[PDB]
Amino acid sequence: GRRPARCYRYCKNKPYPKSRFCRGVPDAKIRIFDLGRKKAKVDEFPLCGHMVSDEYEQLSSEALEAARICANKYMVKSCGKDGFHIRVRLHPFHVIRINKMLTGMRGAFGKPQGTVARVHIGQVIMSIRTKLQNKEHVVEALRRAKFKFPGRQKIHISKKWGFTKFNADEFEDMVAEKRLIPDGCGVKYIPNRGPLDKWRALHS
Amino acid sequence: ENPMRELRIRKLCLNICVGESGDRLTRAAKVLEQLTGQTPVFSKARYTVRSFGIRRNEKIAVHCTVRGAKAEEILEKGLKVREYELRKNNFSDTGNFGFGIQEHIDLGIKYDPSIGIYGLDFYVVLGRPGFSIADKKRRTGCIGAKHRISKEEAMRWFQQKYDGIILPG
Amino acid sequence: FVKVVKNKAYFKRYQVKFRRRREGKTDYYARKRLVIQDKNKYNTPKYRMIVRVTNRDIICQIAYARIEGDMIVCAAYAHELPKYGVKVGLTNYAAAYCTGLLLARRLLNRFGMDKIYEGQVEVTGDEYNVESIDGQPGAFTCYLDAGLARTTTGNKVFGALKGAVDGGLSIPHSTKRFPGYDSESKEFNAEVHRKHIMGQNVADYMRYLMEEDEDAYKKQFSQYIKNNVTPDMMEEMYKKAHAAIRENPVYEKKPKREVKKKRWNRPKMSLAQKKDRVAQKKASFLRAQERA
Amino acid sequence: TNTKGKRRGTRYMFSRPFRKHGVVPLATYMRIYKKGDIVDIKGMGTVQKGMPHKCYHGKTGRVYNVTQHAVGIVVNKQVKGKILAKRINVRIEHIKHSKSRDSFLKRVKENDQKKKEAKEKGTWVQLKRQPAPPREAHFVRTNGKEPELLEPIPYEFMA
RNA sequence: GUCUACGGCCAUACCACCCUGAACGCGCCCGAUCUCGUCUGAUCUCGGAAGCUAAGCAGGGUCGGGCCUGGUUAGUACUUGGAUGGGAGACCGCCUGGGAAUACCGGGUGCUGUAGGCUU
RNA sequence: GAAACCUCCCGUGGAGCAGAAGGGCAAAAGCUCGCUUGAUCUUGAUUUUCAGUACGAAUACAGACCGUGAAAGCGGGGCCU
RNA sequence: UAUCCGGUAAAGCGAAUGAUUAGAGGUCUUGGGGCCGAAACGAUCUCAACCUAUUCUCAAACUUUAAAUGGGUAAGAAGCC
Ligand SMILES: [Mg+2]
Ligand SMILES: [Mg+2]
Ligand SMILES: [Mg+2]
Ligand SMILES: [Mg+2]
Ligand SMILES: [Mg+2]
Ligand SMILES: [Mg+2]
Ligand SMILES: [Mg+2]
Ligand SMILES: [Mg+2]
Ligand SMILES: [Mg+2]
Ligand SMILES: [Mg+2]
Ligand SMILES: [Mg+2]
């Protein structure tokens, strides 16, 4: 049906998003960019395993989805149906083209074949949060998920708390301070600045 | 002991939307002219609506803005036919109120088989001293804040002045 | 509830209009046409006879525009007029005339063209304008800056403009909006105009009220009744004032001194005060809640 | 092949900057150009009468003519192999005084000061400029405290 | 100290709500005979001066938003010139000079020209 | 009645400006009135395509005769391409 | 050495435009489907769009920012006084 992944790998063209101009684009294979217990509280999942990319390459929507199932399947089988949260952090926005041959190279300009993610060197592909129990189960999940992607991707466990931007060493104190306040999957960082009436809702 | 926070009637607005044009509208314009003691204005439609049977720039409604003592007098008549009751929803958050009358002859006008029974629409722009700031030409402004009439404040003016009830629901 | 119209975003993207455009003062559309010179004129001034009527006052200024902030060569106010003769009705058309006239005379006295360009003396009211005399310094010429005033027939600005024209400034104008000119005929009386210049429109209203009801007259013309300005006294009064202006227009100010130098205002609260003030509100909240 | 249209590609060039739209504030108009004023051209979107062509934006040149509300201005425009000094009639709004020349005039004025004085004295003074010379010999006192050692830091992978 | 008239630069000047304003101003304010204009003396025009700072206006306030300006981000991202450097490629490292932008954290919150007041 | 007409509030333009898109534009360049024919007559200069020839299109002036506005001004077609 | 010009790389999207993930919060709206309701903004979920802070990820024909390399001028007798 579709072309080999070989042929759309390197980030060669300018980014060609689905827009006014580029239309009639077929929908991306991947759709659900996160799954597992996504309705979980910051506190009850701090681990944050990432699959980072080490190639400035393009990943297919097809390969993302496949990798996502692969990781989630293992996470379910391993720990449990509601024991993790996985986030895919690359959406296929770039539209990829296809000049098709039954005229020759005259007036050759592609129709939209499919979509694709462009991924920089050092950029995270997938990311998983679960417990301090469960580190090894994530690693292998991402390990298995690597095999669905072309190029090369390290698996890495971050020094953050969960899917927060905050360093896990200081996360718990900050809550004690109320620097930080739980807010679904995330956590709202409160600063000094805002009128004092906001400060009177806390400390009360 | 307030000096000029004296909530007054800035203007009274009266409109008969017949939604016809031609003769019905010319007929209804006489009713306001008998009531207010001044020629009204015909407003035209914004755009055609095949449902209502109106066309763009076709004269739908007649209306007029009464000011001063005559607006106080006509407002009084309009409340007498309504029996000095309003509701909470009849007041706008801006501190204005309004109410219908179902037939102008109730106010105190003679019917005619031609010049029939045009129901009409009172609406009262309450105001204060020094609201004109907004609408003058040169050094304009906005009327502060503790000076703006609240919904509550306009209800209590009605509850005092015209001895009204403001029934709930 | 609704979508907040005035977000962070709104204010980030927001552009203010100029300061005086905000204050509701300066029509910059008109200012550009009024004030800028033709570049090949170079640094030669472009004067304008600014006239603004305040609720209690009429100011008449002559100004050109430099880049630092348009400079004012001369001015006359309606509140000066007491010197000359005018006790009351200082925002009235007649007063506007005196105030304009006075500006012309005071201006002319600076340049030494007080003796040349006497201008119109008898006050006809008709189309008058100044012809510059050959072998003599030319006639001063500015243009009327009406401002935001709705320029209609009989507007008081044109009362001032008429005055400065009779005072001997060549300011171009038509008579299509002096009070007198008829809309549904298109001729100019210039006796109606004279009446207005002399305050006879005011005197007749005074005579009309006194005839009808004493109390309304007494209410309407309270400062006219005090100072004893009567209807029959009115025309003479303005003619005296015109002469006195015409004989001595020079402004002398008052020698202002003996000032205590005290702050009526409230000065700006220093960082450190503001910093503590929240500190005290923080403490006071804590000590307050540790009770109930 | 691209369109020859006058305004092609001036989407950004003739576009008032961020939060500087609206009234062309008045100094702009009311400042005087004589003959032989050095003047830098910079087209503007609000005023479309007397706009310069996109080629002369950025370019500086001298004023030759001054009309009522514009200024003729000789500017040099390169064309493949030949520089053509050519004369264009820009409306004031698209033009500033180029300061480039004033720093020169400041220096010549300063020279005339330093030539009048130092003549009766006898001591001749350096009027020519000189490029930044090598930075001279000097001591550095490590006052009490010794130098601070800088080990390069061990790598770690952050993302 | 501060205002009015005409301003220049146009948020350090905007917005929100809160407080305070002596004198002079500026206003709101009271009228429609005349000028002028409205469906309407609301606006506009005109004649006033009994009230009042309620509002506009000014000055201040807010762990305020916004804007302005520093730090950090970071010698990071990018990048001129160099090599028979690496790497299967993708890309990367070095040399040679140049060098940013958010988030985050500080500080600031109109200056001033001409003419005329008031605080004598 | 989700939509008719009226009224108060907010509203940096998120509308509109014949048409493609881009720019520009708020006591306007938008809308609504009033008066109009500068879309008129006539020299050269200049810009843009450029060979630095033409055409078209435009820019600044200058001389006439008008328009409009209290005026300063603006206007010799269409906000600019 | 002075001085203008710039909107590409980068960056940004808790700034506009457009795209786009997630949960917190919200009878804003209202609905369509429910379950417990005669029915009830009653209770309970829900999914629609909208909104209040956050959050994931983007742009040749988006952008508040904004490089490097780069293009003008100027650096005197044709000047000063
Ligand atoms: Mg094959
Ligand atoms: Mg390609
Ligand atoms: Mg005007
Ligand atoms: Mg009135
Ligand atoms: Mg006040
Ligand atoms: Mg107050
Ligand atoms: Mg702040
Ligand atoms: Mg047009
Ligand atoms: Mg001509
Ligand atoms: Mg470009
Ligand atoms: Mg980019």
# chains A, B, ... in the order shown; residues from 1 in each chain; ligands from 1
call {"tool": "select_by_dssp", "arguments": {"residues": "chain D", "states": "strand (DSSP E)", "output": "ChimeraX atom specification"}}
result
/D:38-41,60-66,71-79,82-90,95-97
call {"tool": "select_by_dssp", "arguments": {"residues": "chain B", "states": "alpha helix (DSSP H)", "output": "PDB file with N, CA and C atoms, in the first residue's frame"}}
result
ATOM      1  N   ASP B  23     -48.569  51.344   5.717  1.00  0.00           N
ATOM      2  CA  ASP B  23     -49.694  52.024   6.360  1.00  0.00           C
ATOM      3  C   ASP B  23     -49.773  51.756   7.859  1.00  0.00           C
ATOM      4  N   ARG B  24     -49.676  50.485   8.242  1.00  0.00           N
ATOM      5  CA  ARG B  24     -49.648  50.071   9.656  1.00  0.00           C
ATOM      6  C   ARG B  24     -48.655  50.872  10.497  1.00  0.00           C
ATOM      7  N   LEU B  25     -47.485  51.133   9.918  1.00  0.00           N
ATOM      8  CA  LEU B  25     -46.426  51.890  10.581  1.00  0.00           C
ATOM      9  C   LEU B  25     -46.784  53.375  10.666  1.00  0.00           C
ATOM     10  N   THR B  26     -47.312  53.931   9.571  1.00  0.00           N
ATOM     11  CA  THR B  26     -47.768  55.341   9.537  1.00  0.00           C
ATOM     12  C   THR B  26     -48.913  55.576  10.527  1.00  0.00           C
ATOM     13  N   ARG B  27     -49.694  54.527  10.742  1.00  0.00           N
ATOM     14  CA  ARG B  27     -50.784  54.527  11.696  1.00  0.00           C
ATOM     15  C   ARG B  27     -50.242  54.546  13.123  1.00  0.00           C
ATOM     16  N   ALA B  28     -49.274  53.675  13.398  1.00  0.00           N
ATOM     17  CA  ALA B  28     -48.671  53.566  14.732  1.00  0.00           C
ATOM     18  C   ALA B  28     -47.842  54.779  15.119  1.00  0.00           C
ATOM     19  N   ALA B  29     -47.257  55.444  14.129  1.00  0.00           N
ATOM     20  CA  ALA B  29     -46.545  56.692  14.368  1.00  0.00           C
ATOM     21  C   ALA B  29     -47.442  57.797  14.931  1.00  0.00           C
ATOM     22  N   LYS B  30     -48.721  57.791  14.556  1.00  0.00           N
ATOM     23  CA  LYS B  30     -49.698  58.729  15.124  1.00  0.00           C
ATOM     24  C   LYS B  30     -49.943  58.487  16.619  1.00  0.00           C
ATOM     25  N   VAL B  31     -49.896  57.222  17.039  1.00  0.00           N
ATOM     26  CA  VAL B  31     -50.135  56.843  18.435  1.00  0.00           C
ATOM     27  C   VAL B  31     -49.083  57.419  19.379  1.00  0.00           C
ATOM     28  N   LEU B  32     -47.809  57.201  19.063  1.00  0.00           N
ATOM     29  CA  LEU B  32     -46.711  57.811  19.821  1.00  0.00           C
ATOM     30  C   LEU B  32     -46.785  59.338  19.797  1.00  0.00           C
ATOM     31  N   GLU B  33     -47.162  59.904  18.650  1.00  0.00           N
ATOM     32  CA  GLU B  33     -47.262  61.361  18.481  1.00  0.00           C
ATOM     33  C   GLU B  33     -48.363  61.979  19.345  1.00  0.00           C
ATOM     34  N   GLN B  34     -49.467  61.248  19.501  1.00  0.00           N
ATOM     35  CA  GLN B  34     -50.539  61.605  20.446  1.00  0.00           C
ATOM     36  C   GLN B  34     -50.104  61.451  21.907  1.00  0.00           C
ATOM     37  N   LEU B  35     -49.320  60.408  22.179  1.00  0.00           N
ATOM     38  CA  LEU B  35     -48.844  60.083  23.528  1.00  0.00           C
ATOM     39  C   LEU B  35     -47.746  61.025  24.042  1.00  0.00           C
ATOM     40  N   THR B  36     -46.671  61.150  23.264  1.00  0.00           N
ATOM     41  CA  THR B  36     -45.472  61.902  23.664  1.00  0.00           C
ATOM     42  C   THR B  36     -45.546  63.401  23.405  1.00  0.00           C
ATOM     43  N   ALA B  69     -39.695  66.194  32.071  1.00  0.00           N
ATOM     44  CA  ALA B  69     -40.979  66.077  32.760  1.00  0.00           C
ATOM     45  C   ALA B  69     -41.981  65.229  31.988  1.00  0.00           C
ATOM     46  N   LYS B  70     -42.011  65.404  30.668  1.00  0.00           N
ATOM     47  CA  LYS B  70     -42.907  64.634  29.806  1.00  0.00           C
ATOM     48  C   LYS B  70     -42.613  63.129  29.881  1.00  0.00           C
ATOM     49  N   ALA B  71     -41.333  62.777  30.007  1.00  0.00           N
ATOM     50  CA  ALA B  71     -40.912  61.385  30.195  1.00  0.00           C
ATOM     51  C   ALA B  71     -41.304  60.836  31.561  1.00  0.00           C
ATOM     52  N   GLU B  72     -41.256  61.686  32.587  1.00  0.00           N
ATOM     53  CA  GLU B  72     -41.749  61.336  33.925  1.00  0.00           C
ATOM     54  C   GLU B  72     -43.252  61.060  33.897  1.00  0.00           C
ATOM     55  N   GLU B  73     -43.981  61.952  33.233  1.00  0.00           N
ATOM     56  CA  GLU B  73     -45.436  61.863  33.103  1.00  0.00           C
ATOM     57  C   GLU B  73     -45.872  60.601  32.359  1.00  0.00           C
ATOM     58  N   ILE B  74     -45.238  60.338  31.221  1.00  0.00           N
ATOM     59  CA  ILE B  74     -45.571  59.173  30.395  1.00  0.00           C
ATOM     60  C   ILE B  74     -45.170  57.874  31.099  1.00  0.00           C
ATOM     61  N   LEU B  75     -44.058  57.903  31.832  1.00  0.00           N
ATOM     62  CA  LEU B  75     -43.643  56.757  32.640  1.00  0.00           C
ATOM     63  C   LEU B  75     -44.694  56.443  33.697  1.00  0.00           C
ATOM     64  N   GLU B  76     -45.199  57.483  34.357  1.00  0.00           N
ATOM     65  CA  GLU B  76     -46.259  57.337  35.361  1.00  0.00           C
ATOM     66  C   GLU B  76     -47.484  56.608  34.788  1.00  0.00           C
ATOM     67  N   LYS B  77     -48.042  57.132  33.699  1.00  0.00           N
ATOM     68  CA  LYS B  77     -49.140  56.472  32.967  1.00  0.00           C
ATOM     69  C   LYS B  77     -48.878  54.990  32.678  1.00  0.00           C
ATOM     70  N   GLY B  78     -47.673  54.697  32.189  1.00  0.00           N
ATOM     71  CA  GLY B  78     -47.263  53.336  31.830  1.00  0.00           C
ATOM     72  C   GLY B  78     -47.197  52.373  32.997  1.00  0.00           C
ATOM     73  N   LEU B  79     -46.864  52.894  34.174  1.00  0.00           N
ATOM     74  CA  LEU B  79     -46.875  52.104  35.401  1.00  0.00           C
ATOM     75  C   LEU B  79     -48.285  51.916  35.963  1.00  0.00           C
ATOM     76  N   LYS B  80     -49.149  52.908  35.763  1.00  0.00           N
ATOM     77  CA  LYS B  80     -50.544  52.816  36.192  1.00  0.00           C
ATOM     78  C   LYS B  80     -51.292  51.689  35.472  1.00  0.00           C
ATOM     79  N   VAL B  81     -51.031  51.518  34.179  1.00  0.00           N
ATOM     80  CA  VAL B  81     -51.623  50.420  33.395  1.00  0.00           C
ATOM     81  C   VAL B  81     -51.021  49.067  33.790  1.00  0.00           C
ATOM     82  N   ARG B  82     -49.740  49.076  34.155  1.00  0.00           N
ATOM     83  CA  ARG B  82     -49.076  47.892  34.713  1.00  0.00           C
ATOM     84  C   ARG B  82     -49.361  47.661  36.207  1.00  0.00           C
ATOM     85  N   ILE B 105     -54.527  52.386  24.463  1.00  0.00           N
ATOM     86  CA  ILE B 105     -55.774  52.990  24.958  1.00  0.00           C
ATOM     87  C   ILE B 105     -55.928  52.878  26.483  1.00  0.00           C
ATOM     88  N   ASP B 106     -55.234  51.910  27.086  1.00  0.00           N
ATOM     89  CA  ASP B 106     -55.156  51.782  28.544  1.00  0.00           C
ATOM     90  C   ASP B 106     -54.505  52.986  29.222  1.00  0.00           C
ATOM     91  N   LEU B 107     -53.512  53.582  28.564  1.00  0.00           N
ATOM     92  CA  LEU B 107     -52.822  54.758  29.101  1.00  0.00           C
ATOM     93  C   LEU B 107     -53.801  55.925  29.215  1.00  0.00           C
ATOM     94  N   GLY B 108     -54.497  56.199  28.110  1.00  0.00           N
ATOM     95  CA  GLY B 108     -55.567  57.200  28.065  1.00  0.00           C
ATOM     96  C   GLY B 108     -55.705  57.835  26.695  1.00  0.00           C
ATOM     97  N   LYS B 151     -28.235  47.448  39.561  1.00  0.00           N
ATOM     98  CA  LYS B 151     -29.570  46.860  39.462  1.00  0.00           C
ATOM     99  C   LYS B 151     -30.329  47.069  40.763  1.00  0.00           C
ATOM    100  N   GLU B 152     -29.682  46.703  41.868  1.00  0.00           N
ATOM    101  CA  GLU B 152     -30.241  46.880  43.209  1.00  0.00           C
ATOM    102  C   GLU B 152     -30.644  48.319  43.482  1.00  0.00           C
ATOM    103  N   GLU B 153     -29.767  49.252  43.128  1.00  0.00           N
ATOM    104  CA  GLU B 153     -30.008  50.665  43.395  1.00  0.00           C
ATOM    105  C   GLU B 153     -31.187  51.218  42.599  1.00  0.00           C
ATOM    106  N   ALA B 154     -31.365  50.721  41.375  1.00  0.00           N
ATOM    107  CA  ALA B 154     -32.475  51.141  40.510  1.00  0.00           C
ATOM    108  C   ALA B 154     -33.808  50.558  40.963  1.00  0.00           C
ATOM    109  N   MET B 155     -33.785  49.319  41.453  1.00  0.00           N
ATOM    110  CA  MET B 155     -34.966  48.705  42.057  1.00  0.00           C
ATOM    111  C   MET B 155     -35.447  49.505  43.264  1.00  0.00           C
ATOM    112  N   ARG B 156     -34.528  49.894  44.145  1.00  0.00           N
ATOM    113  CA  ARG B 156     -34.915  50.622  45.356  1.00  0.00           C
ATOM    114  C   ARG B 156     -35.431  52.037  45.079  1.00  0.00           C
ATOM    115  N   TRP B 157     -34.927  52.661  44.015  1.00  0.00           N
ATOM    116  CA  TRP B 157     -35.476  53.926  43.499  1.00  0.00           C
ATOM    117  C   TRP B 157     -36.934  53.767  43.071  1.00  0.00           C
ATOM    118  N   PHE B 158     -37.219  52.697  42.329  1.00  0.00           N
ATOM    119  CA  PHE B 158     -38.588  52.354  41.933  1.00  0.00           C
ATOM    120  C   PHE B 158     -39.453  52.026  43.147  1.00  0.00           C
ATOM    121  N   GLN B 159     -38.872  51.284  44.088  1.00  0.00           N
ATOM    122  CA  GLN B 159     -39.553  50.880  45.330  1.00  0.00           C
ATOM    123  C   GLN B 159     -39.902  52.074  46.232  1.00  0.00           C
ATOM    124  N   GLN B 160     -39.123  53.153  46.129  1.00  0.00           N
ATOM    125  CA  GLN B 160     -39.373  54.394  46.863  1.00  0.00           C
ATOM    126  C   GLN B 160     -40.266  55.351  46.082  1.00  0.00           C
ATOM    127  N   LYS B 161     -39.843  55.693  44.866  1.00  0.00           N
ATOM    128  CA  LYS B 161     -40.435  56.799  44.096  1.00  0.00           C
ATOM    129  C   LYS B 161     -41.879  56.530  43.681  1.00  0.00           C
TER     130      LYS B 161
END
call {"tool": "residues_near_ligand", "arguments": {"ligand": "ligand 9", "cutoff": "9 Å", "atoms": "only C-alpha atoms (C1' of nucleotides) and all ligand atoms", "output": "PyMOL selection string"}}
result
chain F and resi 38+62-64+76
call {"tool": "write_last_selection", "arguments": {"atoms": "C-alpha atoms (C1' of nucleotides)", "output": "PDB file, in the first residue's frame"}}
result
ATOM      1  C1'   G F  38      -9.101  67.791  -9.660  1.00  0.00           C
ATOM      2  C1'   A F  62       5.244  74.258 -12.086  1.00  0.00           C
ATOM      3  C1'   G F  63       1.356  77.270 -15.067  1.00  0.00           C
ATOM      4  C1'   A F  64      -4.268  77.615 -16.123  1.00  0.00           C
ATOM      5  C1'   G F  76      -5.571  67.097 -11.512  1.00  0.00           C
TER       6        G F  76
END
call {"tool": "interface_residues", "arguments": {"of": "chain F", "to": "chain C", "cutoff": "10 Å", "atoms": "only C-alpha atoms (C1' of nucleotides)", "output": "PDB file with N, CA and C atoms (P, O5', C5', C4', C3', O3' and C1' of nucleotides), in the first residue's frame"}}
result
ATOM      1  P     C F  10     -18.757  51.020  29.201  1.00  0.00           P
ATOM      2  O5'   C F  10     -18.019  49.771  28.550  1.00  0.00           O
ATOM      3  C5'   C F  10     -17.143  48.982  29.364  1.00  0.00           C
ATOM      4  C4'   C F  10     -16.973  47.595  28.796  1.00  0.00           C
ATOM      5  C3'   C F  10     -16.135  47.491  27.540  1.00  0.00           C
ATOM      6  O3'   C F  10     -14.780  47.800  27.854  1.00  0.00           O
ATOM      7  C1'   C F  10     -17.989  46.044  27.372  1.00  0.00           C
ATOM      8  P     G F  11     -13.995  48.906  26.998  1.00  0.00           P
ATOM      9  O5'   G F  11     -13.789  48.168  25.601  1.00  0.00           O
ATOM     10  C5'   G F  11     -13.328  46.800  25.558  1.00  0.00           C
ATOM     11  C4'   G F  11     -13.638  46.154  24.230  1.00  0.00           C
ATOM     12  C3'   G F  11     -13.252  46.953  23.003  1.00  0.00           C
ATOM     13  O3'   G F  11     -11.848  46.847  22.814  1.00  0.00           O
ATOM     14  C1'   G F  11     -15.446  46.141  22.727  1.00  0.00           C
ATOM     15  P     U F  12     -11.019  48.081  22.211  1.00  0.00           P
ATOM     16  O5'   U F  12      -9.840  47.344  21.442  1.00  0.00           O
ATOM     17  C5'   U F  12     -10.129  46.281  20.520  1.00  0.00           C
ATOM     18  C4'   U F  12      -9.117  46.279  19.405  1.00  0.00           C
ATOM     19  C3'   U F  12      -7.786  45.620  19.737  1.00  0.00           C
ATOM     20  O3'   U F  12      -7.125  45.203  18.547  1.00  0.00           O
ATOM     21  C1'   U F  12      -7.433  47.913  19.406  1.00  0.00           C
ATOM     22  P     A F  27      -9.555  58.673  15.881  1.00  0.00           P
ATOM     23  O5'   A F  27     -10.589  59.623  15.131  1.00  0.00           O
ATOM     24  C5'   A F  27     -11.971  59.259  14.966  1.00  0.00           C
ATOM     25  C4'   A F  27     -12.840  60.482  15.090  1.00  0.00           C
ATOM     26  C3'   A F  27     -12.384  61.728  14.333  1.00  0.00           C
ATOM     27  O3'   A F  27     -12.831  61.619  12.976  1.00  0.00           O
ATOM     28  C1'   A F  27     -13.288  62.242  16.517  1.00  0.00           C
ATOM     29  P     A F  28     -12.015  62.325  11.763  1.00  0.00           P
ATOM     30  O5'   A F  28     -10.694  61.446  11.613  1.00  0.00           O
ATOM     31  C5'   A F  28     -10.782  60.024  11.416  1.00  0.00           C
ATOM     32  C4'   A F  28      -9.835  59.543  10.339  1.00  0.00           C
ATOM     33  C3'   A F  28     -10.354  59.691   8.905  1.00  0.00           C
ATOM     34  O3'   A F  28      -9.258  59.775   7.977  1.00  0.00           O
ATOM     35  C1'   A F  28     -10.140  57.424   9.403  1.00  0.00           C
ATOM     36  P     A F  70     -17.781  76.007   5.817  1.00  0.00           P
ATOM     37  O5'   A F  70     -16.789  77.176   6.239  1.00  0.00           O
ATOM     38  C5'   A F  70     -17.035  78.542   5.863  1.00  0.00           C
ATOM     39  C4'   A F  70     -16.164  79.453   6.691  1.00  0.00           C
ATOM     40  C3'   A F  70     -14.674  79.351   6.391  1.00  0.00           C
ATOM     41  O3'   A F  70     -14.323  80.170   5.279  1.00  0.00           O
ATOM     42  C1'   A F  70     -15.032  79.146   8.727  1.00  0.00           C
ATOM     43  P     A F  71     -13.693  79.504   3.960  1.00  0.00           P
ATOM     44  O5'   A F  71     -12.224  79.118   4.437  1.00  0.00           O
ATOM     45  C5'   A F  71     -11.226  80.144   4.577  1.00  0.00           C
ATOM     46  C4'   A F  71     -10.293  79.847   5.727  1.00  0.00           C
ATOM     47  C3'   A F  71      -9.145  78.896   5.422  1.00  0.00           C
ATOM     48  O3'   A F  71      -8.121  79.646   4.766  1.00  0.00           O
ATOM     49  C1'   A F  71     -10.169  78.298   7.475  1.00  0.00           C
ATOM     50  P     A F  72      -7.240  79.001   3.574  1.00  0.00           P
ATOM     51  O5'   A F  72      -6.105  78.213   4.361  1.00  0.00           O
ATOM     52  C5'   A F  72      -5.313  78.874   5.364  1.00  0.00           C
ATOM     53  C4'   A F  72      -4.665  77.861   6.273  1.00  0.00           C
ATOM     54  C3'   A F  72      -3.989  76.687   5.581  1.00  0.00           C
ATOM     55  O3'   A F  72      -2.753  77.118   5.037  1.00  0.00           O
ATOM     56  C1'   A F  72      -5.237  75.897   7.418  1.00  0.00           C
ATOM     57  P     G F  73      -2.287  76.539   3.641  1.00  0.00           P
ATOM     58  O5'   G F  73      -2.170  74.988   3.971  1.00  0.00           O
ATOM     59  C5'   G F  73      -2.419  73.985   2.985  1.00  0.00           C
ATOM     60  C4'   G F  73      -3.326  72.932   3.561  1.00  0.00           C
ATOM     61  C3'   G F  73      -3.727  71.849   2.577  1.00  0.00           C
ATOM     62  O3'   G F  73      -2.685  70.881   2.539  1.00  0.00           O
ATOM     63  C1'   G F  73      -5.664  72.734   3.562  1.00  0.00           C
ATOM     64  P     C F  74      -2.073  70.388   1.141  1.00  0.00           P
ATOM     65  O5'   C F  74      -3.112  69.271   0.692  1.00  0.00           O
ATOM     66  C5'   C F  74      -3.568  68.285   1.637  1.00  0.00           C
ATOM     67  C4'   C F  74      -4.961  67.824   1.294  1.00  0.00           C
ATOM     68  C3'   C F  74      -5.203  67.411  -0.150  1.00  0.00           C
ATOM     69  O3'   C F  74      -4.718  66.097  -0.397  1.00  0.00           O
ATOM     70  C1'   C F  74      -6.949  68.814   0.558  1.00  0.00           C
TER      71        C F  74
END
call {"tool": "residues_near_ligand", "arguments": {"ligand": "ligand 10", "cutoff": "8 Å", "atoms": "only C-alpha atoms (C1' of nucleotides) and all ligand atoms", "output": "PyMOL selection string"}}
result
(chain D and resi 9+12) or (chain G and resi 7-8)
call {"tool": "residues_around", "arguments": {"residues": "residue A:36", "least_positions_apart": "5", "cutoff": "8 Å", "atoms": "only C-alpha atoms (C1' of nucleotides)", "output": "ChimeraX atom specification"}}
result
/A:72,81-86
call {"tool": "write_last_selection", "arguments": {"atoms": "N, CA, C and O atoms", "output": "short mmCIF file (atom, residue, chain, number, x, y, z; two decimals), in the first residue's frame"}}
result
data_model
loop_
_atom_site.label_atom_id
_atom_site.label_comp_id
_atom_site.auth_asym_id
_atom_site.auth_seq_id
_atom_site.Cartn_x
_atom_site.Cartn_y
_atom_site.Cartn_z
N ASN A 72 2.35 0.27 26.07
CA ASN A 72 1.17 0.17 26.92
C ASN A 72 0.79 -1.27 27.21
O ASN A 72 0.50 -1.62 28.35
N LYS A 81 -3.23 -2.56 34.82
CA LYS A 81 -4.12 -1.75 33.98
C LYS A 81 -4.18 -0.27 34.34
O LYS A 81 -4.36 0.58 33.46
N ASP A 82 -4.02 0.04 35.63
CA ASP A 82 -4.12 1.41 36.14
C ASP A 82 -2.88 1.84 36.95
O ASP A 82 -2.98 2.66 37.86
N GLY A 83 -1.72 1.29 36.59
CA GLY A 83 -0.48 1.51 37.35
C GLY A 83 0.55 2.42 36.68
O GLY A 83 1.70 2.46 37.12
N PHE A 84 0.14 3.15 35.64
CA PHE A 84 1.05 4.00 34.89
C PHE A 84 0.29 5.08 34.14
O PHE A 84 -0.95 5.06 34.08
N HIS A 85 1.04 6.02 33.58
CA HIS A 85 0.51 6.96 32.61
C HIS A 85 1.58 7.18 31.57
O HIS A 85 2.71 7.50 31.93
N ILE A 86 1.23 7.00 30.30
CA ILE A 86 2.17 7.19 29.20
C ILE A 86 1.74 8.37 28.36
O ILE A 86 0.57 8.50 28.04
#
call {"tool": "interface_residues", "arguments": {"of": "chain B", "to": "chain E", "cutoff": "6 Å", "atoms": "only C-alpha atoms (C1' of nucleotides)", "output": "JSON, numbers by chain"}}
result
{"B": [4, 5, 39, 40, 41, 64, 65, 66, 130, 143, 144]}
call {"tool": "write_last_selection", "arguments": {"atoms": "C-alpha atoms", "output": "CSV table (one decimal), in the first residue's frame"}}
result
chain,number,residue,atom,x,y,z
B,4,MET,CA,-26.0,64.8,43.6
B,5,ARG,CA,-26.2,61.0,43.6
B,39,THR,CA,-43.0,63.4,16.0
B,40,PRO,CA,-41.4,59.9,16.3
B,41,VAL,CA,-38.7,58.2,14.0
B,64,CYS,CA,-39.1,58.0,20.1
B,65,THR,CA,-37.0,59.2,23.1
B,66,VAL,CA,-38.8,61.4,25.6
B,130,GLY,CA,-22.9,64.0,35.6
B,143,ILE,CA,-18.7,57.5,34.9
B,144,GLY,CA,-16.4,56.4,37.7
